[PDB]
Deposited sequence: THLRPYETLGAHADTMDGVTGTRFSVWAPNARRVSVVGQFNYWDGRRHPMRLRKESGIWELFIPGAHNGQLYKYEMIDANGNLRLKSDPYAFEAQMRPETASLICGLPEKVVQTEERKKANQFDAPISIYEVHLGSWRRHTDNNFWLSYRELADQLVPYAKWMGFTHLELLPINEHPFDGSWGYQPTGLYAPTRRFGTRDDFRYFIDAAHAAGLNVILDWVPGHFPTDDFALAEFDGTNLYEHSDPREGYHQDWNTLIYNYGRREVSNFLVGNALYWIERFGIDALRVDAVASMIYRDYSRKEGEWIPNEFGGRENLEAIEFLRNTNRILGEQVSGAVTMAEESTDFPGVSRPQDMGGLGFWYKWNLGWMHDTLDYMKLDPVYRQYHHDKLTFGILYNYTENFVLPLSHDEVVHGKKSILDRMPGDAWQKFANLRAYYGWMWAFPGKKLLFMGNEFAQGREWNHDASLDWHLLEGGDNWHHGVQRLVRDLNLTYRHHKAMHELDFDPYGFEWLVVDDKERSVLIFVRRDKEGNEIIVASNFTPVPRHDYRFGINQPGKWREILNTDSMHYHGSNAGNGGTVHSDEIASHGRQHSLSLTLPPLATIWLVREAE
């Protein structure tokens, strides 16, 4: 009604007086007269004229014979007296490249969210996200054509599922005219792009993802106004959706309706489990504060939480605007999760340095625990990091080849144990050497031939995901100080960092990282829980083409004081590696 305007505006199928047809509604308070033109009219605007309404400003009409499948637009007389063809803002399907225009299809049946999908979005869940641009994941060999939604449901769902990810994150699949925007310069907010098939196909892709046990996070764009093809600027002749560089007018009721309404659309009518909002800073800009942007995010989040609890939202915000992932009543904004850009910048800068200069930059691996409780973090290695001459993640690493791969493997070992949910952009899991190209398939060829270093990283990421999801200690208490404790925080001259993760029932898994090529034998450190400890993950294993250094079985604790603790372990730490230890019941 007042929240889901997509249910009454646009083109919908109805039958009045007995006979069937479709009814068209468009919001335009100004503008002299408005008509519907399509395949049922010879595109003649003199035929079917619409009637405007007073206390809404909506032109409407019920055209008999006009059915699902035909194309249509609106021929209007702009409030300044101009003749302009407009596509429906609430178009559910469209046609890209060789034109622009709306379709008649109506709304899809609608999806009631199951309980396993709500459980998976929670703060106590393991959450590991595979971020993908549908247009450049893979391509057909012969001709370089895109995979359709249905082919992605048969190839991209099983892959993300086998690799052990819990979530799939899509770069924007709303209709957009150019591939170079990656989806962030949209023209139709309610239509899945037609690049990969119909909107029912997309719906089928989401069903398949649910059926495989994945949740789906969709990149959502309320921060970028349609500045293309004349799709939403000067709509009726006045600044309908825009202000008075082209930004939204979040102040108006109906505009806020068009945006909020779009959010319930994806979650209820496509079964989307979460929404991510980018450039939140670009939206809410202390002194520039756009009061109406801050309030729009707060109302969206509040309404979502009330109308579809179980679904959550995530945000990227680059100015440390306090309280991004906190309840509205204080700081506010009201997002469930926040991208940890600081950690991504810190660990990468650290990771980049010659292993030999790391002793002077230790503070880049520790500093992130100081503020881990001010926001609910996702640790993101996303698309922004591998474009525009920023190099891939693997090209950031130092040394000859084997060293770059050992470094990258150790980093993932660190990343997957650090408080925060995980996000990995496609191509990173097999260590692509080249930067991402939206125009081409990923470098899947690196994985051709006999077992190689890239298979090694790919196997690691899978074990990393599987292990991480098995042990509560690794995910239960990310956002509670009890969940993480330092064991060795100040071994700067050797670059060794050891800490513990802790589940609700007190169980500890020990994480040790060696960030230099020098292997450490008989490395002694204090523990809280004496007994028998055993490796469960070792990034230097030869299964990932490491050198296979390690502890080769159970190691018992010694009652020998160390680092202020009554008991200790003496271990091998493999070079440029991280390991995880679990305690054996006795």
Regions of the deposited sequence not represented in the model: 245-255, 297-311
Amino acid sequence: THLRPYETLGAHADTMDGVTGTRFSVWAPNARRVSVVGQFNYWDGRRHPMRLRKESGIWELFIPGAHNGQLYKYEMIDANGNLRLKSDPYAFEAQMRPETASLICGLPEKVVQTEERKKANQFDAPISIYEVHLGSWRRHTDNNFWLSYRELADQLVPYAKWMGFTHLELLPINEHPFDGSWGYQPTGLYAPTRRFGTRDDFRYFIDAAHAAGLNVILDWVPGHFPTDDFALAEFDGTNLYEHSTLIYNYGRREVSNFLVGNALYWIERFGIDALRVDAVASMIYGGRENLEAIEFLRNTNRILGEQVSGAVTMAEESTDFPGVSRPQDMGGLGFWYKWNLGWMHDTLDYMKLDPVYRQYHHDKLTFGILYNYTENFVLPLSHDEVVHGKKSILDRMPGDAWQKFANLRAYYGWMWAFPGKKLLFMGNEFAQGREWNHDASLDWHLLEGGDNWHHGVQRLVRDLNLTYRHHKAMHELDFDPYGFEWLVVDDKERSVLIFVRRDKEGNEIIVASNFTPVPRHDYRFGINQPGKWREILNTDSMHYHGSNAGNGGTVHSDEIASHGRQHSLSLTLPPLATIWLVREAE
From here on, numbers count along this sequence of modelled residues.
Between 80-88 and 306-314 (mean CA B-factor, as deposited), the higher: 80-88
Higher-scoring stretch by recorded Cα B factor average, 457-465 or 371-379: 371-379
Options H438, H167, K421, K73 - largest CA temperature factor per the record: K73
Residue with highest C-alpha B-factor in the PDB entry, from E476, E234, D154, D207: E234
Chain-relative CA temperature factor third for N507: lowest
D491, C-alpha B-factor rank within chain (lowest, middle or highest third): middle
Third of chain Cα B-factors occupied by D44: highest
Third of the chain, ranked by Cα B-factor, where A66 sits: highest
Third assignment of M426 from its chain's C-alpha B-factors: lowest
